[PDB]
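below is the sequence, then the experimental coordinates.
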Amino acid sequence: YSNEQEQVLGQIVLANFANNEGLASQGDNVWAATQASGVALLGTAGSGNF
Amino acid sequence: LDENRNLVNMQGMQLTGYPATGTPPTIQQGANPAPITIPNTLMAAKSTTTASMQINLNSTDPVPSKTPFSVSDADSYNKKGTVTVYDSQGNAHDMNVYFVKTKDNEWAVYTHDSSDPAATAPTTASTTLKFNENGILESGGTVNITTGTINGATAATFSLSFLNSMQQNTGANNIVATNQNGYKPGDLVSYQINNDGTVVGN
Amino acid sequence: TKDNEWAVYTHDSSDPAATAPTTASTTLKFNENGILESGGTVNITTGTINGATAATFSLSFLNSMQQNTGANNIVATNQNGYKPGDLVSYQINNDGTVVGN
Amino acid sequence: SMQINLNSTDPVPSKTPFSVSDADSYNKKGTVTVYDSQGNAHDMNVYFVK
């Protein structure tokens, strides 16, 4: 910002799946969470598994 | 790798193999085949129990000048080694060990803590190392050491064995290796399969 | 607060007239190895919003291991509540369980 | 029945007392599975020390 300050507007979430090659495509370069594919299992950028 | 984290073929026929149990887990050779899974959960820390430390010592090691043994003056000891131990909650403690030479074929070993704020510097010898005329350890190579408490944790007494040591003029003195069977907690980060079918987690 | 003991406070950040937690909602007391013993569940109530009834429910912290896991990191959370919504599509799974979305 | 081949030239286990956690104290560990009356299988671990 214009007073030598910084702000945070949120964080990017990376949702690793317990099952790759099990996602389903519903259009453009985009998948949807389905059965036999895993729960969202959210997470931050650099923590561990990601 | 399906919903329940089970290794399975493209249709839904779960993979099978020898189950593994223990700590560290070992492949039960004759066990009945059972499904192989990949638990994403974390394994709890196991406190150090069997720490071992080899050392290469010298026959011509001079006697320390200052005979009052201490931990401040470097002249108080001939050799200094260090190992790491783990509490019951994954906290790491540092165990120092000092070797001094009074006369030939005889050495005095003193342990010391460096993480407990209430650990007073001792002078009592932890044990004695007795050596052959050729430089082979005789006895006194089994010790039990208990640490202190660190922020609400109970100590874990470990067996320290200076097995297969030697003092046969390796120039100076140096530790060959240090190890134990204790580890911190940690989460699953990667898995693989070796060329012998033993599935491996990291 | 001390060795093997934590205090748990709560706050509804959506209530316009909420109050900062003066006391502890509960207290977690841990086994020496790092196993949770007490303060497993606690009754928690929230405030009414837009003329709608408030929610009184249970909040549980079971199966929590404080064992020097690096730094602090929440492992999992779960509820059973959901916003009202409409149908989009159905399907038939591999065991005949016709389930909607 | 358990038919097993034993190596003649294998050495005596290092640790003289019989340990159950580490293999230094036993030569060969095998496992068979027997069945009880109710049907719950029991794993019989056999330990061989020369």
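Thanks, I have the structure now. Residues are numbered from 1 along each chain as shown, chains lettered A, B, ... in the order given.

near chain D at all, stretch B:23-30?
Yes - under the criterion of CB under 8 Å from any CB of the partner chain, chain D is reached by stretch B:23-30 at B:26, B:28, B:29, B:30. C-beta: built from backbone N, CA, C; applies to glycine.

quick one: contacts for the spatially most central residue of chain A?
Nearest to the mean C-alpha position of chain A, by CA atoms, centre = their mean, lies residue A:14 at 2.5 Å. Contact analysis of residue A:14 by CB atoms under 8 Å, 6 or more residues apart in numbering or on different chains lists A:42, A:43, A:44, A:45, A:50.

center of chain B, which residue is that?
Short answer for chain B (CA atoms, centre = their mean): residue B:180, at 1.8 Å.

how about the nearest residue to it, chain neighbours excluded?
residue B:51 (4.0 Å; CB to CB, 6 or more residues apart in numbering or on different chains).

ok, and the closest non-adjacent residue to the closest residue to chain C within chain A?
Of all residues in chain A, residue A:35 sits closest to chain C, at 6.4 Å by CB to the nearest CB. The shortest distance from residue A:35 to any non-neighbouring residue, by CB to CB, 6+ apart, is to residue C:93 (6.4 Å).

alpha carbons of stretch B:167-181, in PDB - could you do that?
In PDB, the C-alpha atoms belonging to stretch B:167-181 read as follows (Å, rounded to 0.1, in the frame of the first residue of the first chain):
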ATOM      1  CA  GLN B 167      43.200 -48.300  20.800                       C
ATOM      2  CA  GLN B 168      46.000 -49.300  18.500                       C
ATOM      3  CA  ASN B 169      47.700 -45.900  17.500                       C
ATOM      4  CA  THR B 170      45.300 -44.500  14.900                       C
ATOM      5  CA  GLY B 171      47.300 -41.300  15.000                       C
ATOM      6  CA  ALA B 172      44.800 -39.100  16.900                       C
ATOM      7  CA  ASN B 173      41.500 -40.300  18.200                       C
ATOM      8  CA  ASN B 174      38.200 -40.100  16.500                       C
ATOM      9  CA  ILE B 175      34.700 -41.700  16.700                       C
ATOM     10  CA  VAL B 176      33.900 -44.200  13.900                       C
ATOM     11  CA  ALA B 177      30.100 -43.800  14.200                       C
ATOM     12  CA  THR B 178      27.200 -43.000  16.400                       C
ATOM     13  CA  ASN B 179      23.700 -44.300  16.300                       C
ATOM     14  CA  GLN B 180      20.600 -45.400  18.200                       C
ATOM     15  CA  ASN B 181      17.000 -46.600  17.700                       C
END
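
from chain B, which residue is nearest to chain D?
Chain D sits closest to residue B:30 of chain B, with a gap of 4.0 Å, by CB to the nearest CB.

burial count for that residue?
Residue B:30 has 16 neighbouring residues, counting by other CB atoms under 10 Å in any protein chain shown.

quick one: buried residues of stretch B:160-179?
Buried residues in stretch B:160-179, counted by 16 or more other CB atoms under 10 Å in any protein chain shown: B:160, B:162, B:165, B:166, B:167, B:173, B:175, B:178.

measure how buried residue 2 is and give me the count.
Going with chain A. Close neighbours of residue A:2, defined as other CB under 10 Å, add up to 4.

could you do chain B instead?
Residues lying near residue B:2 (other CB under 10 Å) number 17.

one more: the one 3 residues further on?
The burial metric for residue B:5, expressed as a neighbour count using other CB under 10 Å, is 17.

residues contacting it?
Residue B:5 sits in contact with A:18, B:37, B:38, B:39, B:40, where contact means CB under 8 Å, 6+ apart.

swap in residue B:145?
Residue B:145 sits next to B:95, B:111, B:126, B:157, B:158, B:160 when contact means CB under 8 Å, 6+ apart.

separation between the fourth one and chain C?
Counting by CB to the nearest CB, to the nearest Å, the separation of residue B:157 from chain C is 15 Å.

likewise for residue B:164?
Noted for residue B:164: a distance of 33 Å to chain C, by CB to the nearest CB.

and residue B:90, how many neighbours does it have?
Applying other CB under 10 Å, we find 24 residues neighbouring residue B:90.

ok, now how distant is the residue nearest to residue B:180 from chain A?
For residue B:51, the distance to chain A - CB to the nearest CB - is 28 Å.

what strand or helix carries that residue?
Of the helices and strands defined by DSSP states H and E, residue B:51 is found in strand B:50-57.

a strand runs through residue B:84, doesn't it?
Yes - assessed by DSSP: H, G, I helix; E, B strand; the rest coil, residue B:84 belongs to a strand.

contact partners for it?
Residue B:84 neighbours (CB under 8 Å, 6+ apart): B:48, B:92, B:93, B:94, B:95, B:180, B:182.

I'd like to know how many residues surround residue B:39.
Neighbours around residue B:39, by other CB under 10 Å: 10.

interface residues of chain A facing chain C?
Of all the residues in chain A, those lying near chain C are A:35, A:47, going by CB under 8 Å from any CB.

need the strands for chain A, in chain order.
Here chain A has its strands, by DSSP state E, at A:24-25, A:31-32.

and the contacts of the last one?
So that's strand A:31-32. If you take CB under 8 Å, 6+ apart as the criterion, strand A:31-32 is touched by A:23, A:24, A:25, A:26.

how close does the first one sit to residue A:34?
Spelled out, it's residue A:23. To residue A:34, residue A:23 is 7 Å away according to CB to CB, to the nearest Å.

and for the third one?
Residue A:25 sits at a distance of 10 Å from residue A:34 (criterion: CB to CB).

those two: which is more packed in?
Neighbours per residue, other CB under 10 Å: of residue A:25 and residue A:34, the larger number sits with residue A:34, 15 against 9.

isn't the more buried one up against residue A:22?
Yes - applying CB atoms under 8 Å, one finds residue A:34 in contact with residue A:22, separated by 7.4 Å.

in a helix, residue B:75, correct?
Yes - judged by three-state DSSP, residue B:75 forms part of a helix.

number of residues surrounding it?
Residue B:75, neighbours per other CB under 10 Å, totals 10.
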